[PDB]
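Asker: here we go, the starting part of the complex in its complex frame:
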Amino acid sequence: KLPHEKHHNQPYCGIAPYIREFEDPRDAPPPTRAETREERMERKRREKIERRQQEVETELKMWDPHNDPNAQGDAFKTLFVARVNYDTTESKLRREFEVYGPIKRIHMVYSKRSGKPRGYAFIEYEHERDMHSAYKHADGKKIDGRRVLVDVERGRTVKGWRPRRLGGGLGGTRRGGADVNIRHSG
Amino acid sequence: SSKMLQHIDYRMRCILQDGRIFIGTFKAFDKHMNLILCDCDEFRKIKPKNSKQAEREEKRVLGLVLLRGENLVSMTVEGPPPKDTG
Amino acid sequence: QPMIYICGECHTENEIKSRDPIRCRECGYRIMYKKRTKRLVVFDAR
Amino acid sequence: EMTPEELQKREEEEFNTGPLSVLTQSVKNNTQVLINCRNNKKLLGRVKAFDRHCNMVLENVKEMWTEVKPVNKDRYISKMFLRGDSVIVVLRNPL
Amino acid sequence: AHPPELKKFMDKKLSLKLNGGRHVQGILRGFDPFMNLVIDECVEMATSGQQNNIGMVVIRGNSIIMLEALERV
Amino acid sequence: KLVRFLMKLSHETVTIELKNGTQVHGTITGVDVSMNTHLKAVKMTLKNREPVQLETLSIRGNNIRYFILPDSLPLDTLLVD
Amino acid sequence: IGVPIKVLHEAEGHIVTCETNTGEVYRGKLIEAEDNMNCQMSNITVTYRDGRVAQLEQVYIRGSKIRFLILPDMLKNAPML
């Protein structure tokens, strides 16, 4: 028959006379709440993160950035250049950074164990003004075909500054995919 | 989606929501399940209100029919397709 | 229209437009060179 | 939807804080639930999973209904799959 | 979202059938892709022979079942 | 989603009830996104009718009321996706 | 588009029958057909669920509210089939 002319001899009733659930104290099994390949991963991410944070506190307590034999000269005078090509000779870096002013000292950092060039150096100019003059112009320079950025080294100037391994730094060349453009420079 | 392609041209009986049975040659379908039946016949089960009598069947020839998937419940093979060989 | 020039320092190709100040976009180096023409050139081997 | 991007988690926040959270909390605490369906029958059982379509995965269910004097009829189904459109009402354990 | 080709029935006296065995009769003035029709000079046409004219009304396409043109378009 | 889980129950035997009171017991062979399921070597039982064995049956998802799955189904492992 | 929809578009202009969810069956000439199954007919013969009939001249029907359609058997000879 049709839905409108159908004689409902027993239409839908309620549920008021059909409440026969189990008592409250009869709680559900506590151990029956878990999932695989969803929580163990978060657990491993939390442990590796806390383990690193603790290694960070130990490194900060053991090593002192300011009290570094390699670091020398006035902090406001020293400069920091990174993304430098590994083939850049010391003389090439001199000819490129003496233009802004005479260089009292130049320091090329090297791997402690591997000895390979790190790719960044600290340049100490004779005058603080030569450094400030280089701050704006040096950033974006091209040495040996690879672009390089330049900013005043904040390791001993900015309060609360630390490198990548300690959670700080700048630049996102290795941040979330498709979130930091490689064309933009510091 | 060979589950439906393998069954093309077979003599299928479609079960309607109202209880009817449309038996015809399943020709083609679509995502909505709208079927095309050739030489279809409609059967319906009527309850006996007079006495304990055999179920009353009222056959009805239709020919070419287009059934809406929303109105289609299920479908099964009544028999192989009409053999064209002598 | 493109006008590719080769930078002296980094030897990099780069487009330059008319009225555009001459400076390699890559290294800020102000010396560039026109690329070798495409015109057909022949030399009798005399 | 308001968030046409493919990374939208609207269904997520919906199940977490919306009306459909009754089923999330039901599967979390493993609590029973009684459902009134279009079959005029009530199904009492636990839930293990669901989605936006209100299709729940039940276990240890007990179907119950009445016909006509009115006589009651009940049976048991240890594992089944309920549809959403046919659902009328849901009621968690009020305890 | 192609709308229905109801331009023929525009400004014509129709008699529509609804879901619950109900019928109406009025002159059509506009439609929509969802079959939302707007008919004027509409009569209720209840189950009994009694007639009740109210005039301008609106009908939902989800409940509109059939529309016949008494003026043969 | 969950229909993927429904599509993962191929080769297993279940008992589905329809919105018209019809019962159907058989093995699943294929499912679509619209919940339409194909059961082979199935037995159907319409309301107030006699059971009948059908070698195949393609059912739509709209007219389905509910399913009855085996007792040994690994829900915790099968709901991971 | 769908194959049944195409079969309907080519079925345009011929005598066809249409049954709706309310049970009424209308048989007459088809005037216009659309992708959404909306069908317009002319000079039709209606049969109600009780059996009574009536006479109409120009009728339009919504597609979603149609149970099924009967078309000329000769349409089976279409080139796509």
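Answerer: Yes, it's here. Numbering: from 1, shown residues only, chains lettered A, B, ... in the order given.

Asker: residue B:80 against residue B:7, yeah?
Answerer: No: checked against Cβ atoms under 8 Å, the pair residue B:80 and residue B:7 is beyond contact range at 11.3 Å. All C-beta atoms are positioned from the backbone trio N, CA, C, and that covers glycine.

Asker: more crowded one of the two?
Answerer: Taking other Cβ atoms under 10 Å in any protein chain shown, residue B:80 and residue B:7 do not tie; residue B:7 has more neighbours (17 against 9).

Asker: wait, the more buried one touches residue B:27, no?
Answerer: No: counting by Cβ under 8 Å, residue B:7 sits too far from residue B:27 to count as a contact (10.9 Å).

Asker: helix, strand, or coil at residue E:34?
Answerer: Secondary structure of residue E:34, reduced to three states by DSSP: H, G, I helix; E, B strand; the rest coil: coil.

Asker: ok, it touching residue E:61?
Answerer: Yes: shown here, residue E:34 and residue E:61 form a contact pair, counting by Cβ under 8 Å, at 4.8 Å.

Asker: number of residues surrounding the residue of chain C found nearest chain A?
Answerer: Residue nearest to chain A within chain C (Cβ to the nearest Cβ): residue C:27, separated by 3.2 Å. Neighbour count of residue C:27, defined by other Cβ under 10 Å: 22.

Asker: isn't residue A:131 up against residue A:125?
Answerer: Yes: the criterion here is Cβ under 8 Å, and residue A:131 meets it with residue A:125 at 4.7 Å.

Asker: go ahead and add chain H:
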Amino acid sequence: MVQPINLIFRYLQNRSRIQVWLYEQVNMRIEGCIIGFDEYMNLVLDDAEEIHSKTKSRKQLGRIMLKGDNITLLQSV
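Answerer: Chain H now in position relative to the chains above:
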């Protein structure tokens, strides 16, 4: 060309008592002054009255809402 949306907006501004029919139900109807409406056709009334043909009793409801799917036919006053 008047559309249903514009007509509903006119009835709304006029605050006229619009009556509404139910889907699949002929005996009961509802009447009230519309306050607003959405694309889903859901309608809100300030003072609703449920009237039945058989009983002819008008049950007062007050500020209420009605689903668009349940609507079947609108009527003025």
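
Asker: what ranges do the strands span in chain E?
Answerer: Remark: strands assigned in chain E by DSSP state E are E:13-18, E:23-30, E:37-43, E:53-59, E:64-69.

Asker: quick check, central residue of chain G?
Answerer: residue G:18 (4.2 Å; Cα atoms, centre = their mean).

Asker: mind checking which helix or strand residue 29 is in?
Answerer: Answering for chain A, as no chain was given. Residue A:29 is located outside every helix and strand, with elements delineated by DSSP states H and E.

Asker: that's the wrong chain, I wanted chain H
Answerer: Using DSSP H and E, residue H:29 maps to strand H:25-37.

Asker: which elements pack onto that strand?
Answerer: If contacts are counted by 3 or more Cβ pairs under 8 Å, 6 or more residues apart in numbering or on different chains; DSSP states H and E, strand H:25-37 sits against helix H:4-14, strand H:17-22, strand H:43-52, strand H:58-66.

Asker: tell me the most buried of the ones you listed?
Answerer: strand H:17-22 (a mean of 20; mean count of other Cβ atoms under 10 Å in any protein chain shown).

Asker: that one near chain A anywhere?
Answerer: No: Strand H:17-22 lies out of reach of chain A by Cβ under 8 Å from any Cβ of the partner chain, never closer than 11.6 Å.

Asker: and that strand, what does it pack onto?
Answerer: So strand H:17-22, by 3+ Cβ pairs under 8 Å, 6+ apart, packs with strand H:25-37, strand H:71-76.

Asker: following sequence is RNA strand I, add it:
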RNA sequence: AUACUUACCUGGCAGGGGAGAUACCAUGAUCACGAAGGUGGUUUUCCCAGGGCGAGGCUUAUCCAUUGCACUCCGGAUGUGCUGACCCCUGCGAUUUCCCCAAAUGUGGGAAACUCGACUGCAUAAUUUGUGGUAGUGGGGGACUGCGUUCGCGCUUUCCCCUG
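Answerer: This next block brings in RNA strand I, placed alongside the chains you saw above:
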């Protein structure tokens, strides 16, 4: 034949099996040797998600030969319908450009480019199919009420039984 400005006519977005393990490559990480992770590869286990190889094995007829002395299955070939270990691509029908192997116009490999498919997700549970007003809610045999009656029946009120 090209570009420029305007009017008119056509059109739905994202992609390229998925979950673990990766000591190793790229990202040569912005602070005095360092990240992890992530992203794009390579390596490595699976639900096997589709295919290719059809060796081996199962069912039954046709043809040839055998009179045979075995007790550890088994004569050779053809046809019908099946299964199938191991080993390969992570999946495209078509088109365009660069480089290379080459039996050098063909046969192939490493790269992308944006073009049609109805492959998937969201507009898809908000009126037109992919998330319900098509609920399934009964039928029949005996006793057991009433109204009308053509005594066949329409409506209506009870108990016991078979049937779903």
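
Asker: can you check the neighbour count of residue C:27 again with RNA strand I included?
Answerer: 22.

Asker: give the helix, strand or coil label for it.
Answerer: State at residue C:27, reduced to three classes by three-state DSSP: coil.

Asker: isn't it up against residue A:148?
Answerer: No: if you go by Cβ under 8 Å, residue C:27 and residue A:148 don't touch, sitting 10.0 Å apart.

Asker: tell me how far stretch D:51-61 lies from the chain's centre.
Answerer: Averaging C-alpha positions (Cα atoms, centre = their mean, to the nearest Å) puts stretch D:51-61 5 Å from its chain's average.

Asker: start and end of that stretch, how far apart?
Answerer: This stretch, stretch D:51-61, spans 19 Å end to end (Cα to Cα, to the nearest Å).

Asker: over to stretch E:32-48?
Answerer: In stretch E:32-48, first residue to last residue: 31 Å (Cα to Cα).

Asker: stretch D:63-77 now?
Answerer: End-to-end distance for stretch D:63-77: 7 Å, by Cα to Cα.

Asker: so for it, what gets flagged as buried?
Answerer: Neighbour-count burial for stretch D:63-77, counted by 16 or more other Cβ atoms under 10 Å in any protein chain shown, picks out D:63-66, D:77.

Asker: tell me the secondary structure at residue F:30.
Answerer: strand.

Asker: ok, it to chain B distance?
Answerer: Distance of residue F:30 to chain B, computed by Cβ to the nearest Cβ, to the nearest Å: 4 Å.

Asker: circling back: what's the overlap in contacts for residue C:27 and residue A:148?
Answerer: Residues touching both residue C:27 and residue A:148 (Cβ atoms under 8 Å, 6 or more residues apart in numbering or on different chains): A:141-142.
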